[PDB]
Structure formats: structure tokens, C-alpha cells
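Student: In the numbering used here, the protein residues as written are 143 to 221.
Beta carbons are placed, not taken as given, at the ideal position from N, Cα and C, and that holds for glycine.
1. Skipping 5 residues on each side, what residues in its chain have a beta carbon closer than 6 angstroms to that of residue 203?
2. Excluding five sequence neighbours on each side, which residues of the same chain lie with their C-beta closer than 7 angstroms to the C-beta of residue 173?
3. Report the partner residues of residue 193 according to the DSSP bridge assignment.
4. Let's see if you can read the secondary structure: which residues bound the beta strand (DSSP E) around residue 173?
5. Does at least one heavy atom of the ligand NAP sit under 8 angstroms from the Cβ of residue 190?
6. Taking one C-beta from the stretch 207 to 214 and one from the stretch 145 to 163 each time, how about it: are there three or more such pairs within less than 8 angstroms?
7. Let me know the secondary structure DSSP gives residue 162 once reduced to three states.
Shown next, in the form of C-alpha cells:
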């Protein structure tokens, strides 16, 4: 129902997630929404403030907004 999410925009997903967003739309809207690829689902998001790890520490959390660009992992951040 809901079209592509805004997180992928100006974000940075991995190789598997990238190919996914492409199928939903196409390499055009995928390259126009400002989407960067990373070594894998684990990458940095929300600018140089959050990162992606299998899980996050207690003093940190999971930016529910960028949890998408992450994929199987979770983009944790500092509140």
C-alpha cells in the first residue's frame, strides 16, 4: 500500500537491500532518491551519527526511521 519509504532517500542501504528497492520501483527512482550502497546491510545512517549493527547497546537505541536502510541489521543511534 505505502510506496517507497523516505528513509532510503538520502540514505545508504547495502547490496541486498539496494536490489530490493530497485524491484519496487526502478534504478531511476532509486538513483534519484539519493540512495547510497554500502559493503553490506550493515552501514552508517542518519549522517555520521548512527551506524548499523546486529543489535544496539543499552545506552543507545535503533533509529526506527533508518532501521530500513539497514535491513537484517539495525541502525543504532545515540539519543
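Tutor: This is what the structure gives:
1. If the five residues before and after residue 203 are omitted, its C-beta is found closer than 6 angstroms to the C-beta atoms of 221, all from its own chain and listed in chain order.
2. There are no such residues.
3. DSSP, once it has assigned bridges, lists 186, 218 as partnering residue 193.
4. Element bounds for residue 173: not the beta strand (DSSP E) but the alpha helix (DSSP H), 169 to 174.
5. Annotation note on the ligand NAP: not contained in the displayed structure, which lists no ligands.
6. Yes, the stretch 207 to 214 touches the stretch 145 to 163.
7. Helix at residue 162.
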